[PDB]
Ligand SMILES: Nc1ncnc2c1ncn2[C@@H]1O[C@H](COP(=O)(O)OP(=O)(O)O)[C@@H](O)[C@H]1O
């Protein structure tokens, strides 16, 4: 029906983290392949991060946002899309400071937005 | 006793269904009556406290309970006021009958006894009323204006009586004295008729935040010492002299209520059983 | 009693309407103020309208409950009359019900509670008007 | 220690449960009231068999394990040394006052307030009585009920409902003699009361032995004034002692 | 494969129960309506709500209720004949017949044959009929007295009706001014019922005292006849008297009075002269029916006695109901 | 915890059933033995197979059989008094008292008080004794009681009939045990005694009605008087009881 409280943020993290764990090994020239069981018993052995998530069914809306943001990347840039989801999943995978330390997301978001201005300058 | 045949189960079946309709409509009595939520089958929901509108939107299926619904319509046609007070009075008389029937009293003796209380009851209310002149358009203006202030719009039997359940206390007080002079089963049957009237002011006191018992218990002493002027004043939140507050109602409302309610109780008491035809 | 529907009475009906209004408030409680957190709105089709504005949430919030719909009708009164403060209204009204419901458990009639809240709003508007600053 | 399986019940559910036990002891003895009372077949632990209607002997053999009922028996142990005759009248009246009190608990009266109401009415009754001495056969109970009913109107407080209940409870003794005699109790109750007002002011009793008529003064059936004074006093004192108990705690065996 | 697929047969053990249980049920259905203090009854057809109504007429209750039992249909048809033909006694016939079968079921339990029961009831009905004939009082002269009797008989027929509050061949406003058609329809029915017995009273000026006087007088003659009779006929005739005594017992029970006291007092009254005592529903005691002004026609009580005995006689003669496969 | 550890108390209707069934059970136990054609009965003790025996004496049946309920002990103890004091009519006392209680149980179901029934039985016992002095005997006493039922107040009339009806069951049981049609013989005696013929009775030898004066059958007056009184007195005790108080076994 609906979700409320700390279950939401920890749930959105596991959804975004799970989508990134699929395509963790789809990075680089020695990328690994993936086996997609079709409903008719068929298989597609693609190794493209965009094609894998396009064919996978997702129930969490957080996963739909991660996938829909990746499609917007492909229209602008046909490369580096797999790096977006992996970094977004790793940045969210640090749930120690998020919930176990009882920090508010505004404290975390202020740090993530401060680092982004520093990451841009360093590059 | 054996009590093989049990036609009394239909009396308790009709009394419970009749008392159920009164217990629901009880809280909506008076200006401070607690509202009620009605939900139509389509999905719409509404809020109201008018007892007449609630009974129509109840979809009553029991025969005995339908008699209280048709009873309330009779009060609207005759008097047009006191629609909710009638159903509350009938529910308490039938609830009081449940105590008398367990004692081994017949419904016919209870029915004939209640008529004697009704006959003496109309004399009690008529004696303590305030006659007025009908040609005097001054009394009719302030009478409807003050009464219309209790209605929704506050800005825009030649007799009168006080409100706040004071007629029910003088009725209940003197009927208990009248029962002491009676003989036979009519004593307990008329006393039970008197105690049933106390449900109205105790309901008004409950809605006004007061204690239901101490309010009617205090007023029964003020009526023994004073007159019917003593009644519950919800505008101020306590007992006050209702004659000074100008909160009155005509005599036909209280008389037609006891008249039509008692006839329904006598009619429901005379039901021995119901037969399903085809 | 036999009827073509269903009925339910008692103090639990007040509690059911209290917990309902309290639920609607929690949907727009964390999104209060300029630092309010965004919230998803999963429509029937599948679209997801993400926003933190309390007024925009209540317009799209669909909870099939009568008590919640009273606060939705209440939102339109505040939006048209002023156009702001709808979020604080639903939150203030929810706490008054959660506190009043506790008084009802202490044998305090709702009529006495309704009378107290009316006088408190009158005096509150007086203390507010006495402590303003003109433009 | 032994908190497991401990008795735990309070509020109206406990008082009504206590009142339920006292009524069983009263209803058991309400039929054995008077000369037309129904006997009670007592079987001893040794296997003996005895039959009698003595109120004192019924309570001594009645080994009720309920604690509230034991207090009803301890009350009667003292009555045998003061009154002697109306041992059933005390228990029957106490059960009547508790039965009428149950109607007041639903109205929202406190047990201690009912206790104060009965103590006030018990003084009105005691004041009115002096006005195998007083006239028995239920004449005193009916006369006291009329005085308590009139004086109840002069009680502007929640004890007014309790004073009225004391009048109706007083009528159970005469109403019980009429039932045990094979007559309509209520019709015989009200007819005697109306005769105490309409026919003549002096008190008149019930003709339980099916003699000529009422007015037990002619039948020479008269009870002691100290008897009736202690009868309704011990009955009220037992009702107050039971109304002022709302917790029976007993540790269970684990 | 004796009786299957709709076709049924009740053996002597069960048909003896089904025959009485069907007839006794119709009696206990409308016995409460007996007397001026009769109890009302609701009638509500299944599947429709507009058929609601309330009444205390024993005839109207039997006309509308459907009956599947054949034993009950005989007792109901025999009652409708009394309503259409005589106009009074529809309830007493149904109650008197059912009370006879109720006692008969206790007799057959004692291994008393139904034919042995019928022999006693035929002799009792003759002695019972002879009692009314001797106690009946005609009025050839004194038209004032005969006119007064018609007024008393009219009140008895109109008792327990809607109107209870207010010279030859017998071929708007409140009720006192003689509101809708339902009031006038029932006004015509009960009034026509009075004209039926009143017209019968002109053709037969004999009258008998009601209120349990006639029923108790006939029951006394049967008990006297039980002294001079063979063995098994005595026990059967004793039940015929008890069935007649149960009529005032029901009139007193419906009114709330102690029926065991009033009815047993009437026995001691009629047993030692005093062939006028009856039930005084006004005060709730025993009084002379002549002084109180209560009386009923002789032909009405005659047909009530005979139609009730003839109805119960048909049920006892039945011992096995046969039901073929319904279409 | 109102009653535990062996002690118990029976309610009104519970003690009512326990009081009448316990007494009525002892009645039907010896009903078959009443009369010269009394049916035999076997008595077999526990743990002693050799104690098997057969008899038809009601006194021998009650002396050896045990009694658990207290109401039954009251009826069995009074039967032993008849066996020791009088020596005859023991079965008549037990059968007559149970028939009185069997009818009293029916009257209590009709909303009739036990004390009102005792008022009728006391009046009925007077008219029955007066009938014996003027004077088979079971029907003469029942005839006087039936006539007394027409000269009594309301509720007492019904109780007198049950007293007469109980006396009429004695020749019914005597005829049933002999195999004859008890309904014809007893109803013929009723029709006889109601109009003269105060000497008729049963003829178990020929199986019909005959004149006891001619046939030479008679019983002592003191025996029948005690059977009437011991039965009504014994039934009065059981009918007067409404609650049974069982104590703890020792
Ligand atoms: N030859 C290589 N050696 C090391 N890293 C590489 C090489 N080729 C690609 N990568 C890394 O793989 C990442 C993904 O590259 P690419 O496949 O072009 O984008 P995407 O995975 O989004 O399609 C880049 O960030 C790049 O750093």
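We number chain F the way Swiss-Prot does; in order, the residues shown are 10-144, 412-526.
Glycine residues also receive a Cβ, built from the backbone N, Cα and C atoms like all the rest.
The phosphoserine entry in Swiss-Prot, when matched to the candidates F:55, F:60, F:101, F:115, corresponds to F:60. Here Swiss-Prot has F:98, F:99, F:100, F:495, F:500 binding ATP, and the candidate from F:44, F:56, F:129, F:455 in that same listed site is F:44. Sequence-distant contacts (6 or more apart, same chain, Cβ under 8 Å) of residue F:97 (Mg(2+) binding site) comprise F:91, F:495, F:496, F:499. With a threshold of 8 Å between Cβ atoms, the recorded positions F:13, F:97, F:100, F:495, F:500 that neighbour chain D are F:13.
Here the recorded positions are F:60, F:99, F:100; the one with the fewest Cβ atoms within 10 Å of its Cβ is F:60. Geometry remark: residue F:98 (ATP binding site) versus residue F:60 (phosphoserine), CA distance 27 Å.
Counting every protein chain shown, 20 other Cβ atoms lie within 10 Å of the Cβ of residue F:44 (ATP binding site). Under the three-state DSSP scheme, residue F:13 (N6-acetyllysine) falls in the coil class.
Sequence-distant neighbours of residue F:500 (ATP binding site) (same chain, six or more apart, CB under 8 Å from its CB) are F:98, F:141, F:413, listed in sequence order. Recorded residues residue F:99 (ATP binding site) and residue F:60 (phosphoserine) have their alpha carbons 24 Å apart, per Cα-Cα distance. Each of the recorded positions F:13, F:98, F:495 was assessed for Cβ neighbours inside 10 Å, and the highest tally belongs to F:98. The record assigns F:44, F:98, F:99, F:100, F:495, F:500 to the ATP binding site, and the maximum Cα to Cα distance across that set is 15 Å. Those same-chain residues not listed among F:44, F:98, F:99, F:100, F:495, F:500 yet with C-beta within 8 angstroms of the centroid of the ATP site C-beta atoms are F:43, F:97, F:101, F:102, F:499, F:503. For residue F:60 (phosphoserine), the nearest neighbour among the listed recorded positions (F:13, F:44, F:100), judged by C-alpha distance, is F:100. Note: the CA-CA distance between residue F:100 (ATP binding site) and residue F:13 (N6-acetyllysine) rounds to 38 Å.
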